[PDB]
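Pasted below: entry.pdb, PDB, C-alpha atoms.
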ATOM      1  CA  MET A   1      -9.187   0.507  13.144
ATOM      2  CA  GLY A   2      -8.092   2.205   9.888
ATOM      3  CA  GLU A   3      -4.512   3.598   9.736
ATOM      4  CA  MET A   4      -1.746   2.979   7.123
ATOM      5  CA  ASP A   5       2.033   3.778   6.877
ATOM      6  CA  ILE A   6       3.203   4.638   3.295
ATOM      7  CA  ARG A   7       6.989   5.129   3.178
ATOM      8  CA  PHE A   8       8.886   6.326   0.038
ATOM      9  CA  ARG A   9      12.686   5.852  -0.306
ATOM     10  CA  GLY A  10      14.691   7.305  -3.234
ATOM     11  CA  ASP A  11      18.018   9.067  -4.042
ATOM     12  CA  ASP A  12      16.036  11.952  -5.642
ATOM     13  CA  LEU A  13      14.202  13.927  -2.885
ATOM     14  CA  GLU A  14      12.160  15.643  -5.675
ATOM     15  CA  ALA A  15      10.673  12.241  -6.740
ATOM     16  CA  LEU A  16       9.665  11.746  -3.070
ATOM     17  CA  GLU A  17       8.066  15.290  -3.081
ATOM     18  CA  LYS A  18       5.803  14.639  -6.146
ATOM     19  CA  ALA A  19       4.842  11.166  -4.774
ATOM     20  CA  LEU A  20       4.126  12.905  -1.410
ATOM     21  CA  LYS A  21       2.079  15.702  -3.073
ATOM     22  CA  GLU A  22      -0.098  13.029  -4.699
ATOM     23  CA  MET A  23      -0.509  10.782  -1.551
ATOM     24  CA  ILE A  24      -1.712  13.870   0.424
ATOM     25  CA  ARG A  25      -4.127  14.674  -2.505
ATOM     26  CA  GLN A  26      -5.424  11.048  -2.342
ATOM     27  CA  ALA A  27      -5.883  11.162   1.490
ATOM     28  CA  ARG A  28      -7.811  14.457   0.912
ATOM     29  CA  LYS A  29     -10.143  13.007  -1.834
ATOM     30  CA  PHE A  30     -10.923  10.001   0.470
ATOM     31  CA  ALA A  31     -11.453  12.594   3.284
ATOM     32  CA  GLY A  32      -8.977  11.383   5.929
ATOM     33  CA  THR A  33      -6.006  12.562   8.030
ATOM     34  CA  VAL A  34      -2.493  12.829   6.443
ATOM     35  CA  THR A  35       0.923  13.355   8.142
ATOM     36  CA  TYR A  36       4.508  12.996   6.705
ATOM     37  CA  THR A  37       8.206  12.966   7.786
ATOM     38  CA  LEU A  38      10.777  14.196   5.168
ATOM     39  CA  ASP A  39      14.233  13.220   6.541
ATOM     40  CA  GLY A  40      17.084  12.951   3.980
ATOM     41  CA  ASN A  41      15.982  10.285   1.433
ATOM     42  CA  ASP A  42      13.361   8.614   3.702
ATOM     43  CA  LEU A  43       9.709   9.817   3.761
ATOM     44  CA  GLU A  44       6.883   8.177   5.832
ATOM     45  CA  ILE A  45       3.316   9.374   5.107
ATOM     46  CA  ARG A  46       0.840   8.305   7.878
ATOM     47  CA  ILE A  47      -2.787   8.284   6.593
ATOM     48  CA  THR A  48      -5.293   7.815   9.475
ATOM     49  CA  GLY A  49      -9.122   7.355   9.597
ATOM     50  CA  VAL A  50      -9.380   5.757   6.124
ATOM     51  CA  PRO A  51     -10.808   2.100   6.490
ATOM     52  CA  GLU A  52      -9.013  -1.128   5.321
ATOM     53  CA  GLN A  53     -10.850  -1.119   1.911
ATOM     54  CA  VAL A  54      -9.493   2.440   1.236
ATOM     55  CA  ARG A  55      -5.983   1.696   2.693
ATOM     56  CA  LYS A  56      -5.621  -0.912  -0.103
ATOM     57  CA  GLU A  57      -6.399   1.806  -2.712
ATOM     58  CA  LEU A  58      -3.639   4.044  -1.188
ATOM     59  CA  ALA A  59      -1.292   1.015  -1.697
ATOM     60  CA  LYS A  60      -2.153   0.858  -5.470
ATOM     61  CA  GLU A  61      -1.426   4.633  -5.668
ATOM     62  CA  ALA A  62       1.822   4.154  -3.672
ATOM     63  CA  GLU A  63       2.871   1.585  -6.337
ATOM     64  CA  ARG A  64       1.776   3.753  -9.355
ATOM     65  CA  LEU A  65       3.995   6.616  -8.016
ATOM     66  CA  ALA A  66       6.806   4.102  -7.266
ATOM     67  CA  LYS A  67       6.982   3.024 -10.972
ATOM     68  CA  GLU A  68       6.228   6.666 -12.069
ATOM     69  CA  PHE A  69       9.222   8.270 -10.287
ATOM     70  CA  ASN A  70      11.285   4.967 -10.266
ATOM     71  CA  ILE A  71      11.471   5.144  -6.407
ATOM     72  CA  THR A  72      11.033   2.272  -3.887
ATOM     73  CA  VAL A  73       7.809   2.371  -1.794
ATOM     74  CA  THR A  74       7.091   0.162   1.230
ATOM     75  CA  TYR A  75       3.587   0.250   2.775
ATOM     76  CA  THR A  76       2.167  -1.320   5.951
ATOM     77  CA  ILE A  77      -1.494  -2.484   6.161
ATOM     78  CA  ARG A  78      -2.860  -4.919   8.799
ATOM     79  CA  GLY A  79      -6.531  -5.656   9.511
ATOM     80  CA  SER A  80      -6.695  -7.475   6.145
ATOM     81  CA  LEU A  81      -6.727 -10.572   8.478
ATOM     82  CA  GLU A  82     -10.607 -10.633   8.156
ATOM     83  CA  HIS A  83     -10.169 -14.382   7.527
ATOM     84  CA  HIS A  84      -6.730 -15.131   9.127
ATOM     85  CA  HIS A  85      -6.860 -18.673   7.712
ATOM     86  CA  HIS A  86      -6.944 -20.170   4.154
ATOM     87  CA  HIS A  87     -10.194 -20.584   2.103
ATOM     88  CA  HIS A  88     -10.237 -24.128   3.586
TER
END
Before anything else, please render the file you have as structure tokens.
Amino acid sequence: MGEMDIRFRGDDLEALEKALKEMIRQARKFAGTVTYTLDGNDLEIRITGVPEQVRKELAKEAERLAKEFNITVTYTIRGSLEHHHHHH
């Protein structure tokens, strides 16, 4: 399984649009599927097909656009539980 939910919240819809435009561009360069829901000041971008290793990289890009446009991102990734236990 390899599917991630990248959701941008911000009072400026334009900041959400430029973050969006990038996260689509990133899903395209990784060659995956990209969907999005613009509704008021909430945007959820659903990137499917990209594996867990790549879904992490989309999280770094979510964060770089969050501090770029000063908007709050929240991203969901599970399947990182490769070792659902401490290193002990």
So which residues get picked by the PyMOL selection byres ((chain A and resi 15) around 12) here, written as number ranges by chain?
A: 8-14, 16-22, 41-43, 65-73
Selection result of the PyMOL selection byres ((chain A and resi 6) around 6) on this file, as a PyMOL selection string
chain A and resi 5+7+44-45+75
Translate the PyMOL selection byres ((chain A and resi 51) around 8), as applied to the file shown, into an explicit residue set as a list in words.
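Those residues are residues 1, 2, 3, 49, 50, 52, 53, 54 and 55 of chain A.
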Using only C-alpha atoms, can you tell me which of A:4, A:56, A:86, A:61 comes closest to residue 33 in chain A?
A:4
For each of A:46, A:64, A:88, A:83, take the minimum atom-to-atom distance to residue 34 in chain A, counting only C-alpha atoms, then give the residue where this is smallest.
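Among the listed residues, the smallest separation from residue 34 in chain A belongs to A:46.
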What is the CA of residue 32 in chain A to CA of residue 47 in chain A distance in Å?
7.0 Å
